[PDB]
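Heavy-atom basis, side chains included; hydrogens, waters and symmetry copies ignored. Positions are given from 1 along the sequence.
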Amino acid sequence: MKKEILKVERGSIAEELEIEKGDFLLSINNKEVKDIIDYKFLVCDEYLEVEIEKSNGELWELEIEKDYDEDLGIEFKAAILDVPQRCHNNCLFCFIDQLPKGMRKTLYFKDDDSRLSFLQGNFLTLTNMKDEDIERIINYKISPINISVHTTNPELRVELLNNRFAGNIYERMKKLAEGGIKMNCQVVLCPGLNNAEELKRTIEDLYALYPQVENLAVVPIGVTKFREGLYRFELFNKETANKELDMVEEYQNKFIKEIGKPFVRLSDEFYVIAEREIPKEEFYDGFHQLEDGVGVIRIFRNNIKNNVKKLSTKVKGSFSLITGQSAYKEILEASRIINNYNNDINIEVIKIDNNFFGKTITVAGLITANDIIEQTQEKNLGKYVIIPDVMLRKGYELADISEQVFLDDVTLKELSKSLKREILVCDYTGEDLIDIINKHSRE
Ligand code: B12
Ligand SMILES: CN(CC[C@H](N)C(=O)O)C[C@H]1O[C@@H](n2cnc3c(N)ncnc32)[C@H](O)[C@@H]1O
Ligand code: SF4
């Protein structure tokens with residue numbers, strides 16, 4: 001049951017303590033690590049005594065203080081009996097299947113249900129998990145378990161995921177709830193398949209498990225232009241987004257009356273498509289779903305409103321902000337707020353159409369360098385170009401220059417040379433935009 005180490009994350013605890021690829025993980029707090037479920041339980045602790053066998057045979061005993069939810073930074077080889085490295089689905093909407101061919105290999109990995117995704121707490125369909133796995137999760141009180149539900153209608157879920165076990169999800173969630181496990185849930189909403197009365201059923205079934213099921217996020221199906229031969233979806237438009245938002249509002253009103261929270265939320269893209277006003281900050285209850293596209297517009301507006309009073313009024317600067325279709329109106333309004341506060345901050349916002357993936361793709365993080373270059377050829381860029389960090393692969397801050405990459409594998413430095421401008425990377429929530437402008441403007 002010794003576990004060969006395959007990867008050590010830059011900046012991690014394991015790296016600090018000189019754990020390396022090819023070392024072996026032997027035990028944590030005197031317990032063997034049988035698989036990823038044991039591992040997740042054992043690292044939920046502020047103190048770990050870790051036994052490592054080095055590749056050269058040395059035995060190390062490490063004393064490790066850490067935050068309870070802090071990761072060690074190691075990935076290790078799967079056991080013969082373990083959570084799989086891949087999903088067991090063929091979702092009708094699978095985002096991997098609608099990638100164009102020829103991109104970097106890691107983009108095609110069907111790893112959203114993998115052992116490493118489970119460890120990170122991503123949304124899981126659980127179709128590749130055995131009942132014994134669920135029972136061990138309960139016994140270990142591994143919580144929360146975040147679940148891609150889509151529908152609690154068993155036959156409908158089998159049809160959406162193409163896995164013969166996929167109808168088990170509601171019985172499995174009931175088991176988790178009865179075991180005291182907390183769950184956050186997601187639905188990918190496909191008009192004519194799992195919306196309307198089907199989403200009503202899903203909402204009702206999930207709320208029956210409150211407070212173990214803590215909330216439900218509903219996101220719209222998104223497509224690229226590369227769906228030849230794949231299932232043909234109807235997309236939400238302004239009419240049907242407004243209809244779905246109105247339908248779900250009946251449930252949100254019920255839940256606000258009962259428990260003081262909306263429980264189910266539709267993601268920001270629904271409000272953009274519907275041209276509907278973004279809810280106030282209280283609706284988002286601490287903004288814990290930002291990485292799932294829920295509450296990002298409102299927190300962005302909040303961060304600009306809060307921080308613009310910190311913009312120096314004595315400086316001058318020029319900036320070009322790069323964004324996509326869904327965010328353009330919000331970024332434009334932030335630029336107007338900034339320029340109203342100090343009109344010597346010359347800011348233009350440049351919307352990039354997603355010709356690479358197809359213009360049905362609209363969120364800012366899917367903009368490629370190729371499209372930025374092509375669509376700024378006839379622009380007079382400001383001294384600094386600012387992009388949001390969602391346009392780069394995760395880890396860019398600590399990464400080597402060659403590893404700060406857009407989805408088309410152009411690096412941040414290469415794009416800067418192409419644009420003949422220094423490029424600044426800002427937090428996609430807007431938290432540091434004013435600060436970056438202050439630091440790059442002249443008195
Ligand atoms: C929803 C989503 C999708 C949908 C997109 C549908 C659509 N309409 O485009 C789907 C599922 C199709 C999708 C697919 C992919 N996605 Co995706 N997706 C997301 C997600 C979870 C939320 C995006 C969202 O809904 N935003 C809502 C809209 C309204 O806001 P926005 O456009 O994002 O803009 C806001 C902020 O970014 C900010 N902002 C925007 N521009 C600017 C500019 C400046 C200067 C500033 C200050 C702020 C700012 O303010 C806006 C709000 O006011 C993001 C996560 C994230 N943190 O962004 C990942 C994310 C964009 N996806 C990512 C990835 C990797 C992919 C895939 C490549 C995965 C794959 N292996 O195939 C695919 C590619 C396409 C495909 N194969 O279908 C990565 C991209 C990172 C990168 N660039 O390398 C992200 C960032 C998640 C991650 N893992 O880091 N995705
Ligand atoms: C949004 N992605 C993960 C979240 C993202 N990595 C983040 O920032 O947290 C991918 C997930 O979106 C869902 N998904 C897959 N295909 C589509 C699609 N075509 N449209 C919308 N959601 C999809 C699946 O649950 C998939 O695991
Ligand atoms: S679970 Fe579905 S969306 Fe995720 S990789 Fe597997 S088939 Fe694609």
Side-chain angles (χ1 to χ4, degrees), residues 7 9-12 15 71 73 95-96 99-100 102-109 111-112 116-117 120 122 222 224 268-269 290-293 296-297 299-300 303 319-328 330-331 334-335 347 349-358 361-376 379 381-437 439-440:
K7 182 180 170 183
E9 180 77 19
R10 170 169 299 185
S12 65
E15 187 183 68
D71 185 56
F95 57 137
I96 304 298
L99 285 165
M103 308 187 66
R104 64 169 175 262
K105 294 179 185 177
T106 56
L107 288 172
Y108 301 92
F109 290 175
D111 61 6
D112 57 3
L116 270 344
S117 196
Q120 294 178 336
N122 301 329
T224 66
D268 290 17
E269 185 70 6
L290 297 174
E291 288 288 355
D292 313 310
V296 60
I297 293 173
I299 205 177
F300 177 84
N303 279 324
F319 298 90
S320 296
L321 278 34
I322 311 303
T323 188
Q325 170 67 44
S326 281
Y328 171 73
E330 297 298 329
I331 308 311
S335 80
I347 318 194
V349 182
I350 300 174
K351 182 215 290 177
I352 305 296
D353 297 323
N354 209 315
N355 294 315
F356 186 96
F357 288 114
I361 293 301
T362 60
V363 302
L366 297 184
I367 294 299
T368 57
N370 167 258
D371 282 348
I372 299 175
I373 296 166
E374 182 184 305
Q375 289 171 59
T376 60
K379 301 260 188 172
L381 299 176
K383 180 174 179 194
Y384 295 98
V385 173
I386 307 188
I387 63 174
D389 53 355
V390 289
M391 293 185 184
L392 300 177
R393 176 179 64 201
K394 183 190 182 188
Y396 88 91
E397 301 104 315
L398 290 191
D400 292 345
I401 271 157
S402 70
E403 298 307 314
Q404 305 175 323
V405 290
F406 292 81
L407 285 163
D408 53 347
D409 291 312
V410 177
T411 70
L412 185 63
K413 193 185 171 72
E414 285 164 356
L415 183 57
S416 167
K417 179 179 178 178
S418 291
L419 302 181
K420 311 182 188 158
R421 297 296 189 277
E422 185 167 345
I423 301 169
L424 311 174
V425 185
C426 271
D427 194 330
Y428 78 105
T429 69
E431 221 171 61
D432 62 2
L433 173 63
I434 299 299
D435 184 64
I436 288 206
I437 293 170
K439 292 172 172 177
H440 293 86

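With sequence neighbours excluded, no residue forms a side-chain hydrogen bond (donor to acceptor under 3.5 Å, both in side chains) with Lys417. Looking at residues two or more places apart in sequence or on another chain, you find a salt bridge (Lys or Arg N to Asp or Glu O under 4.0 Å) between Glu330 and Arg301. Every residue two or more places apart in sequence or in another chain was checked for a salt bridge (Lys or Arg N to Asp or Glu O under 4.0 Å) with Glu9, and none qualifies. Residues passing the side-chain contact (heavy atoms from CB on, under 4.5 Å) test with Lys439 are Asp435, sequence neighbours excluded. A search for side-chain hydrogen bond (donor to acceptor under 3.5 Å, both in side chains) contacts involving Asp409 returns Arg104, not counting sequence neighbours. With sequence neighbours left out, the side-chain contact (heavy atoms from CB on, under 4.5 Å) criterion links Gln375 to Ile352, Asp353, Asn355, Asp371. Listed by chain and number, the residues in a side-chain hydrogen bond (donor to acceptor under 3.5 Å, both in side chains) with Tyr384 amount to none (sequence neighbours excluded). For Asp408, the side-chain hydrogen bond (donor to acceptor under 3.5 Å, both in side chains) test picks out no residue, with sequence neighbours left out.
For residues 398-407, the set of pairs meeting the side chain to side chain donor-acceptor pair (under 3.5 Å) definition, not counting sequence neighbours, comprises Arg10-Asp400, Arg393-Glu403. Sorted by first then second residue, the salt bridge (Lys or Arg N to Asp or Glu O under 4.0 Å) pairs that include residues 418-433, not counting sequence neighbours, number zero.
One distance of note links OG1 of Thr323 with CD1 of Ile386; it measures 12.0 Å at 0.5 Å rounding. Distance CZ/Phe95 to OG1/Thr224: 12.0 Å, rounded to 0.5 Å. Rounding to the nearest 0.5 Å gives a distance of 8.5 Å between CG of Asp268 and CG of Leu290. The CD1 atom of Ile367 sits 10.0 Å away from the CG atom of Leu407 when rounded to the nearest 0.5 Å. Here the CD1 atom belonging to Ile387 is positioned 12.5 Å from the CD1 atom belonging to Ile350, to the nearest 0.5 angstrom. For the atom pair CE (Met391) and OH (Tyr396), the distance works out to 12.5 Å, reported to the nearest 0.5 Å.
A donor-acceptor pair under 3.5 Å is absent between the side-chain atoms of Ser320 and the main chain of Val385, judged by distance alone. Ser416 places no side-chain N or O within donor-acceptor distance of the main-chain N or O of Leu412, the cut-off being under 3.5 Å. A donor-acceptor distance shorter than 3.5 angstrom exists from the side chain of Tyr108 to the backbone of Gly102, with no hydrogens or angles considered. In terms of modelled atom types and a separation under 3.5 Å, the side chain of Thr376 and the main chain of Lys379 share no donor-acceptor contact.
The side-chain heavy atoms of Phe356 and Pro100, taken from C-beta on, include a pair separated by under 4.5 Å. Side chains of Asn354 and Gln325 form no contact here, defined as non-hydrogen atoms less than 4.5 Å apart.
Closest of all the heavy-atom pairs between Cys426 and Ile436 is SG-CD1, 3.2 Å. Scanning all heavy atoms of the two residues, the minimum distance from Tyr428 to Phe300 falls at O-CD1, 4.1 Å. Across all non-hydrogen atoms, the minimal contact from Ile361 to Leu366 is CG2-CD1, 3.6 Å. For the residue pair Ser117 and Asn122, the shortest heavy atom distance occurs at OG-ND2, 2.9 Å.
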